[PDB]
Every structure is written in C-alpha cells, then in structure tokens.
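Only one structure is covered here, and it is reproduced in the block below.
First the proteins, then the strands, lettered A, B, ... as listed; each starts at 1. Every heavy atom of this structure was used, including side-chain atoms; hydrogens, water molecules and symmetry mates were not.
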Protein chains: 2
Amino acid sequence: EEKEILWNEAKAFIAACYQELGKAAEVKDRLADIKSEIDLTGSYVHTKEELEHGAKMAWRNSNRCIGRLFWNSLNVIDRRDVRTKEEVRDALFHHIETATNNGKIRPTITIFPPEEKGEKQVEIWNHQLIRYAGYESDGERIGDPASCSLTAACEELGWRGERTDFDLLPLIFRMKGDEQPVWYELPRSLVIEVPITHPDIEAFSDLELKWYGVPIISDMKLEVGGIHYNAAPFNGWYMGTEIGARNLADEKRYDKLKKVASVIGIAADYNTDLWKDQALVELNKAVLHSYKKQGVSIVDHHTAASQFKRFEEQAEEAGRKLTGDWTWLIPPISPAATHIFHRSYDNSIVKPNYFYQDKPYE
Amino acid sequence: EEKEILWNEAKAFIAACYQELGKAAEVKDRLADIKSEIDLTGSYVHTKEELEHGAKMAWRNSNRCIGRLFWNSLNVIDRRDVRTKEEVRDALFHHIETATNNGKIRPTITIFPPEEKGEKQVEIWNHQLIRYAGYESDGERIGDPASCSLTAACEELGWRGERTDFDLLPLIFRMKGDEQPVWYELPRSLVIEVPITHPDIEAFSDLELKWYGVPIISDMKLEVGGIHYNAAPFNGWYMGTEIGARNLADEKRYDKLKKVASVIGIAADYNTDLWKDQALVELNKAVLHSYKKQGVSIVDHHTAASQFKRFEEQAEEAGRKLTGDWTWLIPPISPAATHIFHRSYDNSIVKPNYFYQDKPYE
Ligand code: HEM
Ligand code: HEM
Ligand SMILES: CN(C)Cc1ccc(OCc2ccc3ccc(N)nc3c2)cc1
Ligand SMILES: CN(C)Cc1ccc(OCc2ccc3ccc(N)nc3c2)cc1
Ligand SMILES: C[C@H](O)[C@H](O)[C@H]1CNc2nc(N)[nH]c(=O)c2N1
Ligand SMILES: C[C@H](O)[C@H](O)[C@H]1CNc2nc(N)[nH]c(=O)c2N1
Ligand SMILES: [Cl-]
Ligand SMILES: [Cl-]
C-alpha cells in the first residue's frame with residue numbers, strides 16, 4: 001500500500017501536469033516507465049520539467065497565499081544532487097543570494113533530495129532561513145519570542161547569540177546518518193536588512209526598528225505526485241502587513257504598538273481613541289516606505305488583494321477551480337477594504353501543495 | 001410530522017430552560033400540559049418566563065454576535081396580544097422610545113404573535129426600524145444603496161422620500177389577511193441622530209455625515225422551542241466599526257473614504273500610502289467621539305472584544321459550550337489586535353436562535 005498510494009498520486013499528477021504542459025500524448029509511456037520504476041525501486045524520480053511545474057502548481061494550490069498571481073514565474077532550483085553538509089550549506093547560501101537579487105526579490109525555491117521511505121535525507125531546523133533569535137531570562141524578553149525554542153536548541157549546540165533584539169540565527173540542519181544537526185553562522189554580506197523609518201515623522205527612527213528583506217520559509221514539505229520533498233525552502237517578497245501588523249505588533253512578538261504610539265505623539269490610554277489602530281497604520285506606512293526607499297521588493301495589502309483578484313479571474317478563464325482560506329487571505333488591517341473580505345472561498349486541499357510538518361526539536 | 005417536530009423542539013427547550021431557571025421539577029407537568037395543548041390545537045403557548053428566557057438564550061447562541069456578554073439583561077417586551085395595525089405601529093414606536101432611552105440604549109426585543117401554521121400574523125418589511133432610503137436615477141446615487149429595493153417598494157405604495165442622503169424610511173408591515181402592507185412615517189422626535197465630527201480635525205464636519213443612534217433589526221425570525229416568532233425586532237447599541245468601517249465606508253454603501261481622506265489632508269493616490277487605512281481610522285475615531293459627545297451609547301471594537309473574552313470565560317464557568325462565527329466576530333479594522341483573531345470558534349447552530357428569513361418584497 002506504500003507503492004499503491006504512490007502510484008495513484010503519480011498517475012493523477014503526471015496526467016494533470018502533462019496536460020498543462022501540452023504533453024498529454026507522452027503521459028502513457030511516462031506512466032509506464034514510472035510503474036516499472038516503482039515496482040523495482042519503491043519510488044520514482046521526477047524529470048526537471050515535472051519538478052519545476054510541480055513546485056509551481058503547489059504554490060498555485062496554496063489556499064492561504066494571497067500572492068499566487070505570480071505562481072508561474074517561480075524560479076525553481078534543483079538541488080537533488082546534494083550529498084554533503086557543505087553542499088547543503090552552500091545551496092542555502094546561494095538561495096539567499098539569488099532570491100535577494102540585490103533587493104529586487106525573485107520568488108525562488110531550492111529543492112533538496114526527497115524522503116526515501118519516510119527517511120529524510122536532509123532535515124532543516126530553521127523556520128525561515130533568515131530570522132531573529134529570541135531569549136527570556138529573569139522575566140526579561142529579548143528578540144523574537146517566536147524563535148525562543150529554536151534559539152535554545154541552537155545554544156544547546158554551542159551557538160551563542162549576542163542577545164541584541166535582532167541576532168540572526170545560524171542555519172541549522174541535520175543530514176541523514178547524523179545524530180545531531182550542524183549550524184553555520186550566516187555571512188552578514190548575504191543578508192539585507194531594512195531600518196524602519198517613517199516618511200514624515202522623524203522621531204520614528206528612535207524606535208531603532210529593523211527587519212530582514214526576504215522571508216525564506218524553510219520548514220514546509222513540498223508534495224508532488226506522491227514524492228515528499230521535506231526540505232525545499234522557498235520565498236516570495238513580504239506583504240507589508242506581515243511585518244507591521246504581526247511581526248512588530250503582536251503582543252507575543254515584538255509588541256511595539258505602545259512605543260509607536262508614543263513616538264507619533266498620541267496617548268495610549270483609551271480604547272475609544274483607537275490608538276492601536278492609528279499606531280498600526282503609521283507602523284505599516286513606515287514599513288512600506290522603508291523597504292521602498294532601500295530598493296527592497298515589498299507589496300502593500302491593497303495591491304496584493306488586487307493581484308489576487310486577477311489570480312481569481314485567471315483561474316476562471318483557465319477552467320481551474322479556485323481554492324482559498326478566507327481566514328488567512330484577509331489582511332490583518334482594513335480587511336473590509338479588500339474584495340477578499342466580501343466573498344467566500346472553497347478551502348479544499350488540492351495536490352501538489354506545501355504542508356506543515358513536525359518540528360525536529362522541542 | 002408537523003406536531004412531531006414541534007413536540008421534540010418543545011421538550012428540548014423546556015428541559016434546558018427550566019434547568020437554567022432552577023425549575024427542573026416542573027418540567028414533567030409542563031411537558032404534559034404542552035403535549036395535550038399540541039394534540040388539541042396544533043401548537044402551544046409560551047409562558048412569560050419561557051419567552052423571556054428563550055429570547056435571551058437566542059441572543060446567547062448567536063454565533064455572529066460579539067456583544068453577547070450582556071445576554072441576560074435583554075429587556076423582553078411581550079406583544080403577543082396585538083391584533084391590529086395601529087397596535088403594531090404603536091408597539092414599534094414604543095420599542096424605539098424605550099430602547100433609545102434618551103441615548104442610554106437598552107437592549108430590547110418586542111415579540112409579536114408567532115406564525116400559526118407557517119402563516120404570519122404580522123410581517124415586518126423593514127430591515128431595521130430606523131434606516132435611510134436609497135435611490136438611483138440617471139447614474140446618480142442618493143442615500144443608502146442597501147435600501148434601494150425597499151425604498152422602491154415603499155414608493156410604489158405612495159410613500160415619497162425627499163431624496164436627501166438621509167431620508168428616514170417609513171415603518172412598513174403587513175397584517176394577516178391584508179394583501180398589501182401599510183406604511184407610517186417615523187415621528188422625528190422618536191429618532192436620535194448623531195452628526196459626525198472629529199475630536200481635532202475641524203473640517204471633518206464639512207462632510208455633513210450623520211448616523212442614527214439605535215440599530216433595531218426587524219427582519220429576523222426568533223425561534224424558541226419550535227415556535228416561530230417571525231416578527232420580533234431587537235436592538236443593542238452600535239459597535240463603532242459598523243458605522244465607520246462598513247455603513248459609511250463600503251463602496252456599495254455610502255463610500256466616503258476618498259472624501260474623508262481629502263478633509264484630513266492626505267492624498268488618495270497611492271496604495272502604499274495606506275490612505276484608505278488612515279481614513280478608516282479617522283472616520284472610526286470620529287464616529288466614537290460623536291456618539292460619546294452626544295450621550296448615545298456605543299462601544300469600540302477593542303472594548304467589545306474584551307467583553308466577548310469575558311463571555312467566553314463565563315460560558316466555560318457555566319459548563320456551556322461556546323459557539324461562534326470567526327468570520328463575523330473579527331472586527332473589520334485591526335482584527336489582529338483582538339484576541340478573537342488568534343483563536344478558533346465552533347460554528348455549530350444551537351436553538352433558541354435568531355434566523356434569516358425570506359424578504360416579502362423584491
Ligand atoms: C511573491 C510574493 C508572495 C507574497 C506577497 C505572498 C504572500 C503571502 C502571505 C501574506 C501569506 C500569509 C503568511 C502568514 O500570515 O503567516 C502567505 C502564505 C503562504 N504563501 Fe505566499 N506569498 C508570496 C510568495 C509565495 C511563494 C513563492 C510560495 C511558495 C512557492 C508561497 C506559498 C505560501 C504558503 C504555503 C503559504 C501558507 C503557509 C501556512 O500555512 O502557514 N508564497 N503568502
Ligand atoms: C448590546 C449591544 C450589541 C452589540 C454591540 C452587538 C454587536 C454585534 C455586531 C457588531 C454584529 C455584526 C453585525 C454585522 O456585521 O452586520 C452583531 C451580530 C448579531 N447580533 Fe449582536 N450586538 C449587540 C446586541 C444584540 C442583541 C440585543 C441581539 C438580539 C437579542 C443581538 C443578536 C445579533 C445577531 C443575531 C447577529 C447576527 C445577525 C446576522 O447573521 O446577520 N445582538 N452583533
Ligand atoms: C509558525 N510556524 C510554527 C508555522 C508556520 C510555518 C510556515 C509558515 O509560512 C508562512 C508564509 C509562507 C510563505 C510566504 C511567502 C511569502 C510571504 N510574504 N510570506 C509567507 C509566509 C507560517 C507558519
Ligand atoms: C443585509 N440583510 C439582507 C441581511 C441581514 C439581516 C440582519 C442583520 O443583522 C445584523 C445585526 C444584528 C444585530 C445587531 C445587534 C447590535 C448591533 N450593534 N448590530 C447588529 C447587527 C444583518 C444582515
Ligand atoms: C486561530 C486563528 O484563526 C489563526 O491564528 C489565524 C487567523 N488568520 C490568520 N491569517 C494569516 N494570514 N496569518 C495568521 O497567522 C493567521 N492566524
Ligand atoms: C462573504 C463574506 O465572508 C461575508 O460578506 C462577511 C465576512 N465577515 C463579516 N463580518 C461581519 N461582522 N459582517 C459582515 O457583513 C461580514 N461579511
Ligand atoms: Cl515573517
Ligand atoms: Cl447598521
């Protein structure tokens with residue numbers, strides 16, 4: 001039933017993929033080849049074309065993603081050839097450099113060897129390739145609370161952060177055969193960071209806020225035709241609200257709203273003053289401003305929702321069913337000002353797709 | 001099966017109601033009485049206590065309502081005795097006066113005779129007892145687009161609005177036996193309206209915005225123990241976002257954001273300026289300010305979400321399952337600043353409850 005589930009997923013994927021690629025006549029022989037390859041080996045190997053299209057389909061099927069208009073221009077890097085921790089490290093370094101592209105961010109995914117029989121070849125521990133550490137000692141919070149457990153796991157392994165609010169975590173991953181992961185400090189020249197300033201409130205820089213340029217999600221599994229690529233980091237560019245309404249604003253993250261309110265000169269005393277809302281708007285304005293000023297790609301939530309409307313229209317024109325998760329697609333500020341808020345979406349799960357998987361630590 | 005569905009709903013309601021009222025021992029004889037009453041008459045009549053508690057339970061079970069902490073203090077007015085259109089009119093007038101309470105709004109419901117065998121005794125046409133008319137002729141929009149079809153139905157019946165942006169619709173309802181509804185102009189002395197001003201932007205009054213004080217929803221059906229009270233208008237006080245983020249801001253309603261942006265002195269040209277968000281905040285601030293200044297009850301969304309957290313805690317302490325509709329409970333501005341956004345709710349439907357029903361017009 002191992003070979004059964006795989007074979008069925010393979011048939012459905014190959015058929016759909018080859019149809020979209022205008023290759024429907026080659027389906028028969030390809031499925032024949034695959035059938036034999038599974039019988040003899042227990043698995044099968046995607047061609048470069050199948051893998052690239054599979055990764056693109058997986059993005060197109062990501063219900064929670066508002067950024068999907070651009071699914072077809074995903075830059076897919078095939079690293080199924082890596083065998084060593086130095087190769088993995090260098091592939092991760094290269095991904096960062098090529099995705100960053102001097103600030104003109106390229107949506108990119110790097111695909112490592114897939115699981116064999118549930119056995120991981122490479123297991124990445126980072127949630128994102130670039131992220132800030134988090135600490136707590138003596139009721140003092142430092143850095144990003146969302147990184148607290150990974151940060152403690154790294155320091156167990158001999159890493160030590162400087163305990164600033166913005167320490168970059170090391171890359172950390174484990175190779176098949178090894179009992180422990182290894183870690184590598186990120187070279188600073190690879191990492192673009194953006195200091196947060198406001199277009200017309202000069203005091204805003206007193207907050208000394210910054211964020212990194214590129215979100216490179218590295219803990220999701222790509223599934224394509226029954227093959228499980230558990231290590232396949234990918235990135236887009238940020239939507240400003242991710243930084244301004246969540247990373248910097250959530251009480252369980254950097255919790256900056258009261259400080260923002262103070263620098264923009266409003267009281268943080270009464271709910272009816274809507275000071276949190278006002279602070280959120282000014283922080284989100286500062287975030288868009290700062291990325292644009294530095295020449296780092298970013299999208300605001302209005303522009304993103306307009307793009308998503310086009311994605312919806314493109315889906316209809318192509319005869320493809322659209323799936324989405326309304327609770328994730330709506331932006332966390334002014335959601336009712338977007339068309340998303342005013343319609344519903346089918347939250348069905350279609351494969352290929354990206355999936356959560358269990359953390360190797362904690 | 002008519003009497004069957006009713007009998008079953010009655011047993012479930014009476015049991016639950018009497019348990020909460022500490023009257024569990026009287027359940028047996030009450031169900032006996034009810035059994036006979038159904039057999040002989042086809043229906044049964046709620047006592048004053050059952051009706052009042054039923055209406056309160058129905059509010060407590062309203063998944064979409066963030067205002068539910070105060071479910072137990074609902075003021076229930078029993079008007080099952082009305083037989084004439086003048087009595088219905090006067091009950092509706094009285095509801096407005098007593099709910100308004102000079103601006104210190106009392107959550108109130110007035111309950112009219114229930115459907116007999118699906119036959120309505122009274123059929124209210126208004127969506128809310130107080131609402132503004134809407135018109136369109138020659139591509140000119142006037143007033144509230146959401147009222148366009150009711151407004152046209154009223155004018156078909158001899159009503160004529162002055163075609164201001166804020167014409168009050170007449171009360172309109174139909175009595176069993178009558179082919180056509182009747183309408184009655186609302187006496188102005190009954191209706192509190194609030195002009196919208198901003199606490200520190202003087203030009204804001206140039207918009208000449210206003211809204212009415214009390215939302216009195218009049219087109220939902222109350223169901224309690226199998227009895228269908230299709231005419232049972234009820235009100236709370238507004239949450240400010242209903243007015244500022246939806247009624248005055250939605251493009252399909254008053255569509256005021258571009259005008260707000262202009263009076264607060266910002267450009268409405270670039271999505272990255274977040275001018276819609278900023279305009280929304282200033283409009284919502286103006287709305288809270290204006291109601292408070294006039295002495296009309298209103299709640300901001302932060303305070304409302306804090307109350308709802310207490311409702312959740314009260315539900316747990318009472319051993320009652322909580323139900324909610326996340327997509328409706330989140331406020332349309334800064335939803336991620338409320339605890340609601342960060343948890344999930346079971347959207348199961350529990351009776352007693354309030355339900356949508358078919359419009360009698362259009
Ligand atoms: C190109 C720019 C992109 C933008 C602006 C964008 C925007 C977003 C946003 C705002 C979220 C919600 C994140 C959160 O609230 O935690 C999201 C979720 C997601 N995006 Fe995209 N995205 C982009 C590119 C990509 C790419 C390249 C992929 C993969 C090929 C991808 C796959 C996903 C997935 C899988 C999720 C959901 C993750 C989860 O369940 O937690 N996106 N996207
Ligand atoms: C006391 C102040 C109250 C506040 C602040 C409040 C708040 C709200 C809000 C903001 C909504 C969403 C409305 C929308 O987006 O269209 C809502 C929905 C609702 N409320 Fe309340 N509410 C209150 C009192 C009441 C009362 C007294 C009842 C009935 C006894 C009630 C029953 C409901 C119902 C049934 C809905 C959902 C209607 C639908 O499905 O469209 N509420 N409430
Ligand atoms: C918080 N973790 C434990 C769960 C978790 C894992 C992946 C997640 O991905 C979010 C995500 C994924 C892809 C994105 C692509 C672009 C973008 N701007 N944000 C993006 C955000 C989110 C949460
Ligand atoms: C738009 N109609 C066609 C459907 C419709 C019917 C009743 C509706 O009730 C909304 C509602 C109900 C009760 C409320 C109580 C208090 C409050 N502040 N808003 C409240 C808002 C909403 C939509
Ligand atoms: C439980 C709750 O629904 C959940 O935390 C969601 C809500 N919607 C969201 N939407 C986005 N884009 N991102 C999130 O992290 C969340 N959190
Ligand atoms: C289709 C869409 O989900 C729907 O229009 C909802 C979204 N959530 C909402 N929430 C509230 N409180 N009120 C509304 O009118 C809506 N509209
Ligand atoms: Cl992030
Ligand atoms: Cl309203």
- [ ] Count the heavy atoms of every other residue, nucleotide or ligand shown that sit under 6.0 Å from CD of B/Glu97, and state whether that count exceeds 12.
- [x] no
Task: Summary of salt bridge (charged side-chain N to carboxylate O under 4.0 Å, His left out) pairs that have at least one residue in residues 296-311 of chain B, sequence neighbours excluded - done: B/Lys309-B/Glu313
Task: Main-chain N/O of B/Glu116 paired to B/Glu119 side chain as donor or acceptor, under 3.5 Å - done: no
Open item on the list: Does B/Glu136 have more than 12 heavy atoms from other residues, nucleotides or ligands lying within 6.0 Å of its CD?
Closed with: yes
TODO: Verify, without hydrogens or angle tests, whether B/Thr151 (side chain) and B/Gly134 (backbone) share a donor-acceptor contact under 3.5 angstrom.
DONE: yes
Task: Worked verdict on B/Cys17 versus B/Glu49 for side-chain contact (heavy atoms from CB on, under 4.5 Å) - done: CA-CA 9 Å; B/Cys17 177; B/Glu49 226 188 355; over 6 Å; no
Task: Min side-chain heavy-atom separation B/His342-A/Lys252 under 4.5 Å - done: no
Open item on the list: Salt bridge check, B/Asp178 against B/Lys85: does any charged N sit closer than 4.0 Å to a carboxylate O?
Closed with: yes
Task: Exam field: side chain B/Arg106 to backbone B/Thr98, donor-acceptor pair closer than 3.5 Å - done: yes
Task: Worked verdict on B/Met175 versus B/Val88 for side-chain contact (heavy atoms from CB on, under 4.5 Å) - done: CA-CA 9 Å; B/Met175 304 297 298; B/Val88 170; 3.9 Å; yes
- [ ] For a side chain to side chain contact (heavy atoms under 4.5 Å, CB included) with B/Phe13, tell me which candidate from B/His46, B/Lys351, B/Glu223 qualifies.
- [x] B/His46
Open item on the list: Can you confirm whether A/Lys321 sits close enough to A/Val350 that some side-chain heavy atom of one is under 4.5 Å from a side-chain heavy atom of the other?
Closed with: no
Task: B/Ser36 and B/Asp39: CA distance, side-chain angles, deciding distance, side chain to side chain donor-acceptor pair (under 3.5 Å) verdict - done: CA-CA 5 Å; B/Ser36 306; B/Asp39 294 339; 5.2 Å; no
TODO: Check whether any side-chain N or O of B/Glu87 sits under 3.5 Å from a backbone N or O of B/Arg83 as a donor-acceptor pair, and report yes or no.
DONE: yes
Task: Flag side-chain contact, heavy atom, 4.5 Å: A/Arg246 against A/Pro332 - done: yes
Open item on the list: Do B/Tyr238 and B/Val194 make a side-chain contact, defined as non-hydrogen atoms from C-beta onward lying under 4.5 Å apart?
Closed with: no
Open item on the list: Under a 3.5 Å cutoff, is there a donor and acceptor pairing between the side chains of B/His301 and B/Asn284?
Closed with: no
TODO: Looking only at non-hydrogen atoms, find the nearest pair between B/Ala231 and B/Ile124 and report the distance.
DONE: CB-CD1, 4.1 Å
Open item on the list: Could you check whether B/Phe234 and B/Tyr354 have their ring centres less than 6.0 Å apart?
Closed with: yes
Open item on the list: Could you measure the distance from the CG atom of B/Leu21 to the NE2 atom of B/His53? Nearest 0.5 Å is fine.
Closed with: 5.0 Å
- [ ] Go through the steps to decide whether B/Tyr44 and B/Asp33 satisfy the test side-chain contact (heavy atoms from CB on, under 4.5 Å), and finish with yes or no.
- [x] CA-CA 9 Å; B/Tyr44 75 102; B/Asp33 288 8; over 6 Å; no
Open item on the list: For the CD atom on B/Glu37, are there more than 12 heavy atoms of other groups (residues, nucleotides or ligands in this structure) within a distance under 6.0 Å?
Closed with: yes
- [ ] Check whether any side-chain N or O of B/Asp325 sits under 3.5 Å from a backbone N or O of B/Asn347 as a donor-acceptor pair, and report yes or no.
- [x] no
TODO: First locate atom CG of B/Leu171, then atom CD1 of B/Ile96, and finally report the distance between them rounded to the nearest 0.5 Å.
DONE: 5.5 Å
Task: For B/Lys117 against B/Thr41, the heavy-atom pair lying closest together - done: NZ-O, 3.7 Å
Task: All ring-ring contact (aromatic ring centres under 6.0 Å, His included) counterparts of B/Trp326, not counting sequence neighbours - done: B/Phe341
- [ ] Kindly say whether B/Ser334 contributes a backbone atom to a donor-acceptor pair with the side chain of B/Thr338 at under 3.5 angstrom?
- [x] no
- [ ] Just do the side-chain contact (heavy atoms from CB on, under 4.5 Å) check on B/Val296 and B/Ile298 with the steps written out, would you?
- [x] CA-CA 6 Å; B/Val296 182; B/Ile298 194 158; over 6 Å; no
Open item on the list: Check this for me: B/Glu20, atom CD, are more than 12 non-hydrogen atoms of other residues, nucleotides or ligands nearer than 6.0 Å?
Closed with: yes
- [ ] Indicate whether any N or O donor in one side chain lies under 3.5 Å from an N or O acceptor in the other, for B/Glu312 and B/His339.
- [x] yes
- [ ] Mind checking the CG-CG spacing from B/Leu190 to B/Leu92? Nearest 0.5 Å is all I need.
- [x] 11.0 Å
TODO: Over all heavy atoms of both residues, which pair between B/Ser290 and B/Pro195 is shortest? Give the atoms and the distance, please.
DONE: CB-O, 3.4 Å
Open item on the list: Closer than 3.5 angstrom, by distance alone: can the side chain of B/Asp346 be matched with the main-chain N or O of B/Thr323 as a donor-acceptor pair?
Closed with: no
Task: Gap separating the CG atom of A/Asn271 from the NZ atom of A/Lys276, nearest 0.5 angstrom - done: 7.0 Å
TODO: Using the six-membered ring wherever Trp is involved, compare the ring planes of B/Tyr132 and B/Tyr254 and label them parallel, tilted or perpendicular (cut-offs 30° and 60°).
DONE: perpendicular
Task: Min side-chain heavy-atom separation B/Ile34-B/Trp7 under 4.5 Å - done: yes
Task: pair B/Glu115-B/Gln121: side-chain heavy atoms closer than 4.5 Å - done: no
Task: Pi-cation contact, B/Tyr18 with B/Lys23 (under 6.0 Å, within 45°) - done: yes
Open item on the list: Heavy-atom count check: over 12 atoms from other residues, nucleotides or ligands less than 6.0 Å from B/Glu362 CD?
Closed with: yes
Open item on the list: Is it true that, when you exclude B/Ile5 itself, more than 12 heavy atoms of the residues, nucleotides or ligands shown sit nearer than 6.0 Å to its CD1?
Closed with: no
Task: For B/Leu168 against B/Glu185, the heavy-atom pair lying closest together - done: O-OE2, 3.9 Å
Task: Side-chain heavy atoms of A/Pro335 within contact of A/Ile340, under 4.5 Å - done: no
Task: B/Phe112: ring-ring contact (aromatic ring centres under 6.0 Å, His included) partners, not counting sequence neighbours - done: none
Open item on the list: Using 0.5 Å steps for rounding, measure from the OG atom of B/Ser218 to the CH2 atom of B/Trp125.
Closed with: 13.0 Å
Open item on the list: For B/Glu156, I'd like to know if atom CD has over 12 heavy atoms of other residues, nucleotides or ligands within 6.0 Å.
Closed with: no
Open item on the list: Measuring only between side-chain heavy atoms, which start at C-beta, is B/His127 closer than 4.5 Å to B/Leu150?
Closed with: no
Task: Minimum heavy-atom distance between B/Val45 and B/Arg30, given as atom pair plus value - done: O-NH2, 2.9 Å
Task: Under 3.5 Å donor-acceptor, A/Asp273 side chain and B/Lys285 backbone - done: no
TODO: Give, for atom CG of B/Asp219 and atom CG of B/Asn230, the distance between the pair rounded to the nearest 0.5 Å.
DONE: 11.0 Å
Open item on the list: Whether the side chain of B/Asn126 engages the backbone of B/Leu129 through a donor-acceptor N/O pair (distance < 3.5 Å, no angle test) should be reported.
Closed with: no
Task: B/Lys259 NZ: over 12 foreign heavy atoms closer than 6.0 Å - done: no
TODO: Please report the closest heavy-atom contact between B/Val214 and B/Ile130, naming both atoms and the distance.
DONE: O-CD1, 4.2 Å
Open item on the list: Any side-chain to backbone donor/acceptor pair from B/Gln307 onto B/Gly67? Under 3.5 Å, distance only.
Closed with: no
TODO: Apply side chain to side chain donor-acceptor pair (under 3.5 Å) to the pair B/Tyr291 and B/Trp237, showing each step before the final yes or no.
DONE: CA-CA 11 Å; B/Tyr291 274 66; B/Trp237 47 79; over 6 Å; no
